[PDB]
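First, one chain by itself: the form deposited in one PDB entry, in structure tokens.
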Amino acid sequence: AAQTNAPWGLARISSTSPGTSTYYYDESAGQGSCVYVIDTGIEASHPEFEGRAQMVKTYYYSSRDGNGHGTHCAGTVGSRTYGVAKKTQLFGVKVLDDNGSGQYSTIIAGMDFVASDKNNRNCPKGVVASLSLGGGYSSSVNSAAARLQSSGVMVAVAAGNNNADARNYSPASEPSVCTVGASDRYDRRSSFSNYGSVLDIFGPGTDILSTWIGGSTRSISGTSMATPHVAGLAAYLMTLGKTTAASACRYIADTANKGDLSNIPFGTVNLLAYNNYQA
């Protein structure tokens, strides 16, 4: 399938070169997979989600996304226009308040919730979790992410926006999950993206158009935007039968576009997420 005039990041993930604008992908489109978006919530009523999104859990007075961040990330995973995996099922878990903040204890509870809740959902092709959040190093936060991964969920986490080594941030520093840095449309490391040996992969993260609250759209930047590209890619590849939740991060790294990014510090992977789709 070909989506013309796609957001640059979608075009990038199906291309051997920057500077194109059509996204190419197998029409299976993540059908039969599920992606949990652990964030500020999801505006599931947005027409872009086509009834495929729903809120499954909140720790606050509402499950609504009063911020926009979670809706934007969910749109990059799976919206019809802005999403990588256009037929996946999206499940929102609201661990962050409407200012975008959340206690680590609530975030940990949300990860353990997903590890159990997947057994209440129909996801024959596999389960992914996208975590566009983080703070300073916490062994307990890392262990929660490791449990979620161990339970059979492909966990993708943001590297962070500190222009620093991600080893000092959580869950970015957990080795067993997929830690995602951000790149721009010219194949440069995004200026804010964390780096370091703990990164597994880069995805598009600067000037990413996606869904927003109030039935709207907007373009924003962050490792929060790169992470759902990778989460959606994992769901897409799992539906295709090319990999599993346990191995999807390593498969994405093995099949990535290699050596094409600039301003990557010595010792950080130079790997850009790529679907290897041959139309």
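Don't overthink the numbering: it's just position in the shown sequence, from 1.
There is also a form solved in complex with a partner chain; it is not shown, and the following applies to it.
*Though its partner chain is not shown, can you say which of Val56, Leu240, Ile220, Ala246 has a heavy atom within 4.5 Å of it in the deposited bound form?*
Checked against the cut-off, the match is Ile220.
*Counting non-hydrogen atoms within 4.5 angstroms of its partner chain in the deposited bound form, say which of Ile201, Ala129, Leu96, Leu90 makes the cut.*
Exactly one residue meets the criterion: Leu96.
*How about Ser101: is it within 4.5 Å of its partner chain in the deposited bound form, going by heavy atoms?*
Contact check for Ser101: yes, within 4.5 Å of its partner chain in the deposited bound form.
_Does any part of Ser105 reach within 4.5 Å of its partner chain in the deposited bound form? Heavy atoms only, please._
Yes, contact at 4.5 Å.
*Report yes if any heavy atom of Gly110 sits within 4.5 Å of a heavy atom of its partner chain in the deposited bound form; otherwise report no.*
Outside the cut-off, so no.
*With heavy atoms only and a cut-off of 4.5 Å, decide whether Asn161 touches its partner chain in the deposited bound form.*
Looking in the deposited bound form, residue contacts with its partner chain include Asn161, since a heavy atom lies within 4.5 Å.
*asked:* To test your reading of this chain, name the stretch in 46 to 54, 221 to 229, 250 to 258, 28 to 36 whose heavy atoms come within 4.5 Å of its partner chain in the deposited bound form.
replied: So the stretch in question is 221 to 229.
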